[PDB]
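Encoded as structure tokens, the structure appears first; notes follow it.
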Amino acid sequence: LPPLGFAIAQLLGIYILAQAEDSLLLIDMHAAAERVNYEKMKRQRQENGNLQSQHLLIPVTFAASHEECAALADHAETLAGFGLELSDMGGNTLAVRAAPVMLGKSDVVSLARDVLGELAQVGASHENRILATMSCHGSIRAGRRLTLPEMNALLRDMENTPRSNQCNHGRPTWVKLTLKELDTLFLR
Amino acid sequence: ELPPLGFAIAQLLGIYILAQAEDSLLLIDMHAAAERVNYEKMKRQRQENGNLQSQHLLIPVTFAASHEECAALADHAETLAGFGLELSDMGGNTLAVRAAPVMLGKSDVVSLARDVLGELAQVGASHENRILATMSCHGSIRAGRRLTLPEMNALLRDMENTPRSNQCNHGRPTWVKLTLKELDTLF
């Protein structure tokens, strides 16, 4: 059955343990979820030009810096490019109107901030950097408590992800220990 | 807080219990840990009490036996009670198990009776360890039996409560610990 096997448990919040044919896999879940996210976004930005938003049911308002308000004013277009709709409603309060479908909300503010934060820097092809930053913000990350099928869904996505096994920063996203090597841990 | 072997989170490849202790993963060699635990419980009961405390089955378990097993029963009924086992002949080479050691999880009491009877065929008290060794393979944790997370924890608590739980016969560790830092090092 599948190369990344089946989820068996989650560890000190950081790891997914899975059982593959004759092996244990330890998947760095955050680093893995990021990679999937990044690629799925890099693809969409390539195939539909923009990322698709979702018109928030309850517009989440938040206290912004001037710097952030300025970024919104200068890059309204670009933010729609990344499936983010925001409006500036005085006294440094911003409102999130719409967030990307493919990040299933969660601290929408924290996402908004980060992108504003990235756009602030531009003073184009800042794309990869921005998506990498956006890649950290999906359903799985920082918080934990996944179900086994949630974990399975991830390993499935990973199997369809054209640089699984690599975080935004070079490291592997999983380790495999074969039956042979496991046995070797118990060496006399 | 947490006990040293932590809590079971899964079973792996039929062979290992995975546990989470503080800041670490443990892998336990389930069979080796169980054998070791069982041996020590028993050998200690034998030196403390002279004999293993047996427990009666509500419905005796019958099985077809070889002539050699029957002759073994006839010769060593007393020795067998010393090992917490009681059987009845019954005739036509059928034996019944009436009682099996407390320290075991049944386990096919038939399998156990057969192994111990077999071990008794080859003697005519210096066999102690040999016998307890064989018996130790027959608790509730053994071969392709899938455990619940509470059963897995009960073995871990047992280990913590057993001397020499850390090594098997060969002097092989029974468990291995990987800390958060070590885990990250493998990346």
Practice problem: Show the residue pairs that are 6+ apart or on different chains and have beta-carbon atoms under 7 Å apart, the first residue being within the stretch A:117-144 and among the charged types (D, E, K, R), the second being surrounded by 21 or more Cβ atoms within 10 Å (Cβ to Cβ). | Solution: A:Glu118/A:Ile130; A:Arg141/A:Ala33; A:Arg144/A:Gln10
Quiz item: Which number in (1) closer than 16 Å to A:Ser23 by Cβ; (2) away from every other protein chain (no Cβ under 12 Å); (3) among the β-branched types (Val, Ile, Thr) marks the one condition that A:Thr147 misses?
Solution: (1)
Exercise. Report yes if some residue within the stretch B:110-123 is basic (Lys, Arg) and under 30 Å from B:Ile15 (Cα atoms); otherwise report no.
Key: yes
Quiz item: (1) buried (at least 16 other Cβ atoms within 10 Å of the Cβ); (2) of a type outside the set (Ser, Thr, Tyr); (3) touching a strand residue (DSSP E or B) at 6+ places or on another chain (Cβ under 6 Å): which one isn't true of A:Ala20, the others all being true?
Solution: (3)
Quiz item: Does A:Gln44 satisfy the criteria of being closer than 30 Å to A:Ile16 by Cβ, of a type outside the set (A, V, I, L, M) and touching a strand residue (DSSP E or B) at 6+ places or on another chain (Cβ under 6 Å)?
Solution: yes
Quiz item: What do you reckon, is A:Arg129 part of a helix (DSSP H, G or I) and within 15 Å of the chain's Cα centre (by Cα)?
Solution: yes
Quiz item: Any residue in the stretch A:77-86 that is hydrophobic (A, V, I, L, M, F, W, C), surrounded by fewer than 18 Cβ atoms within 10 Å (Cβ to Cβ) and touching a strand residue (DSSP E or B) at 6+ places or on another chain (Cβ under 6 Å)?
Solution: no
Quiz item: Which one of the conditions (1) away from every other protein chain (no Cβ under 14 Å); (2) part of a loop (DSSP other than H, G, I, E, B); (3) surrounded by 11 or more Cβ atoms within 10 Å (Cβ to Cβ) does B:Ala154 fail to meet, given that it meets all the rest?
Solution: (2)
Quiz item: Considering the stretch A:157-174 alone, what residues qualify as being facing chain B (nearest Cβ under 10 Å) and surrounded by 16 or more Cβ atoms within 10 Å (Cβ to Cβ)?
Solution: A:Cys167, A:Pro172, A:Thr173, A:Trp174
Quiz item: B:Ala19: within 15 Å of B:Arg157 (Cα to Cα), aliphatic (A, V, I, L, M) and touching a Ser or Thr at 6+ places or on another chain (Cβ under 8 Å), yes or no?
Solution: no
Self-check item: Pick from the stretch A:98-112, criterion buried (at least 17 other Cβ atoms within 10 Å of the Cβ) and over 13 Å from the mean Cα position of the chain (by Cα), ranking: farthest from A:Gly138 (Cα to Cα)
Solution: A:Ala98
Quiz item: Taking interchain pairs and intrachain pairs at least six residues apart, which have beta carbon atoms under 8 angstrom, with the first residue in the stretch B:13-29 and of a type in the set (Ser, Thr, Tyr) and the second assigned to a loop (DSSP other than H, G, I, E, B)?
Solution: B:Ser24/A:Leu12; B:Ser24/B:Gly6
Practice problem: Could you check the stretch B:1-83 for strands (runs of 3 or more DSSP E) lying wholly inside it with 3 or more residues that are within 14 Å of another protein chain (Cβ to nearest Cβ)? | Solution: B:7-12, B:16-21, B:24-29
Exercise. Inspect all residues belonging to the stretch B:30-44 and state whether any of them is among the acidic types (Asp, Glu) and under 18 Å from the mean Cα position of the chain (by Cα).
Key: yes
Quiz item: If you go through the stretch A:179-186 one residue at a time, do you hit one that is part of a loop (DSSP other than H, G, I, E, B), within 12 Å of another protein chain (Cβ to nearest Cβ) and among the aliphatic types (A, V, I, L, M)?
Solution: yes
Quiz item: So which residues in the stretch A:84-96 are assigned to a strand (DSSP E or B) and either over 25 Å from the mean Cα position of the chain (by Cα) or more than 17 Å from A:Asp114 (Cβ to Cβ) (or both)?
Solution: A:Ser87, A:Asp88, A:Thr93
Quiz prompt | Pair list, Cβ < 6 Å and 6+ apart or interchain, from the stretch B:51-67 residues that are within 11 Å of B:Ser88 (Cα to Cα) to residues that are part of a strand (DSSP E or B) and among the hydroxyl-bearing types (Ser, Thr, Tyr) | solution = B:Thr62/B:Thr94
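Note that we place each Cβ from the backbone using ideal geometry, even for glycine, and neighbour counts take in every protein chain shown. Just so you know, all these numbers are worked out from the coordinates, no wet-lab data involved.
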